[PDB]
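A.B. asks:
Number of protein chains: 2
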Amino acid sequence: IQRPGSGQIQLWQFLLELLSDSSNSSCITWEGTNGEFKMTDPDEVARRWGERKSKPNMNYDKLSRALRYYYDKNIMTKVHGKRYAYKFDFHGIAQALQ
Amino acid sequence: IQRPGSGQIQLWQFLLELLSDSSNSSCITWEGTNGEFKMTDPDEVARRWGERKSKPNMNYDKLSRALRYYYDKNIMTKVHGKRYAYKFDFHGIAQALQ
């Protein structure tokens, strides 16, 4: 776990940070089913990630590629049939906290 | 979030810590459905919590009462139809990380 709001934060924790504050819902919001979320403005999520990390040329293409990497790590999966929807895996997140 | 293994740890984080290590499965284990777990030896979980917190007279009666408190906080719910089964709520856990 890194310090909330920090530049060293990992992507999984950054998305949980944005989700924890309902005022972010115009760009990213919980869906209601445990751990499932949707990027209501995926370009805005990518912009905010770019700004946190000060990474030039960050965009949704790059953000989605990073999210795909979490599947193998058991930290997240995509949700099919929905737009820009993903689901956190509690089993990998618990490990990521230690 | 507190330091893993610390005496100051909260109950929700202590249970995630035990769950993160599959070798604990004789007393507490993931069920497979996202966030659901079962206390395969609830008295052993209570003993380990008692030992972490150095709380005399800790027992399953007291542990279960603490778990009930998390329902109102949106951190956990009981699972009906199953023995000693509970489910973490990602929505309250995300907040608990900030």
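Protein chains in written order, with my numbering: chain R, 4 to 101; chain A, 4 to 101.
The beta carbon of each residue, even a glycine, is placed where N, CA and C say it ideally should be.
(1) Between A:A88 and the rest of its own chain, which residues show a CB-CB distance below 6 angstroms, the 5 nearest in sequence each way excluded?
(2) Which full runs of the alpha helix (DSSP H) of 4+ residues lie inside the stretch 35 to 69 of chain A, going along the chain?
(3) With a cut-off of 8 angstroms, do at least 3 Cβ pairs link the stretch 11 to 31 of chain R to the stretch 51 to 67 of chain R?
(4) What is the C-beta distance between R:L22 and A:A97, in whole angstroms, given that I count them as a contact (C-beta under 8 angstroms)?
(5) Against chain R, with Cβ distances strictly below 8 angstroms, would A:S28 count as a contact?
(6) A:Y89 by DSSP, collapsed to three states: which one?
(7) Are the Cβ atoms of A:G38 and R:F17 separated by less than 8 angstroms?
(8) Please confirm if R:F93 has its CB atom under 8 angstroms from at least one CB of chain A.
(9) Measure the C-alpha to C-alpha separation of A:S67 and R:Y73 and round it to an integer number of angstroms.
(10) Which two residues bound the contiguous beta strand (DSSP E) that contains R:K81?
(11) Pull up the distance between the alpha-carbon of A:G35 and that of A:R6, whole angstroms please.
(12) With distances taken between CB atoms, is the gap from R:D44 to R:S29 smaller than 8 angstroms?
(13) For A:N62, which residues from the same chain have a beta carbon less than 6 angstroms from its beta carbon, with the 5 sequence-adjacent residues on both sides left out?
(14) Rounded to whole angstroms, what's the CA-CA distance from R:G84 to A:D24? Just pull it up for me.
(15) Tell me, please, whether the CB atom of A:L19 is closer than 8 angstroms to any CB atom in chain R?
(16) Rounded to a whole number of angstroms, what is the C-alpha to C-alpha distance between A:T80 and A:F91?
C.D. replies: Quick look at the numbers:
(1) Your numbering for residue 88 of chain A matches position 85 in the second sequence. Around A:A88: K41 and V82.
(2) 45 to 56
(3) Flag = yes, the stretch 11 to 31 of chain R and the stretch 51 to 67 of chain R touch.
(4) Taking the first sequence and counting its residues from 1, one reaches residue 22 of chain R at position 19. Taking the second sequence and counting its residues from 1, one reaches residue 97 of chain A at position 94. Contact flag correct, Cβ pair sits at about 6 angstroms.
(5) On the second sequence, residue 28 of chain A is found 25 positions in, with the first residue counted as 1. No - not a single Cβ of chain R is within 8 angstroms of the one on A:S28.
(6) On the second sequence, position 86 is the one that residue 89 of chain A refers to. Correct three-state label for A:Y89: strand.
(7) By 1-based counting over the second sequence, the position of residue 38 of chain A is 35. By 1-based counting over the first sequence, the position of residue 17 of chain R is 14. With respect to the 8 angstroms criterion, A:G38 and R:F17 are not classified as neighbours on the basis of their beta carbons.
(8) Indexing the first sequence from 1 puts residue 93 of chain R at position 90. In terms of beta-carbon proximity, R:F93 lines the interface with chain A, with at least one pair separated by less than 8 angstroms.
(9) The residue labelled residue 67 of chain A in the question sits at position 64 within the second sequence. The residue labelled residue 73 of chain R in the question sits at position 70 within the first sequence. Rounded to whole angstroms, A:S67 to R:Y73 spans 34 angstroms at the Cα level.
(10) As a working note, residue 81 of chain R is residue 78 in the first sequence. Unbroken beta strand (DSSP E) run through R:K81: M79 to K81.
(11) The residue you call residue 35 of chain A lines up with position 32 of the second sequence. The residue you call residue 6 of chain A lines up with position 3 of the second sequence. When rounded, the distance between both Cα atoms is 26 angstroms.
(12) On the first sequence, residue 44 of chain R is found 41 positions in, with the first residue counted as 1. On the first sequence, residue 29 of chain R is found 26 positions in, with the first residue counted as 1. Between R:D44 and R:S29, the gap from beta carbon to beta carbon is short of 8 angstroms.
(13) As a position in the second sequence, residue 62 of chain A is number 59, starting the count at 1. So the qualifying residues of the chain are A49.
(14) The residue labelled residue 84 of chain R in the question sits at position 81 within the first sequence. The residue labelled residue 24 of chain A in the question sits at position 21 within the second sequence. Going by the C-alpha atoms only, they are around 33 angstroms apart.
(15) Taking the second sequence and counting its residues from 1, one reaches residue 19 of chain A at position 16. Output row for A:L19: interface = yes.
(16) If you number the second sequence from 1, residue 80 of chain A lands on position 77. If you number the second sequence from 1, residue 91 of chain A lands on position 88. Approximately 7 angstroms, taken between the alpha carbons.
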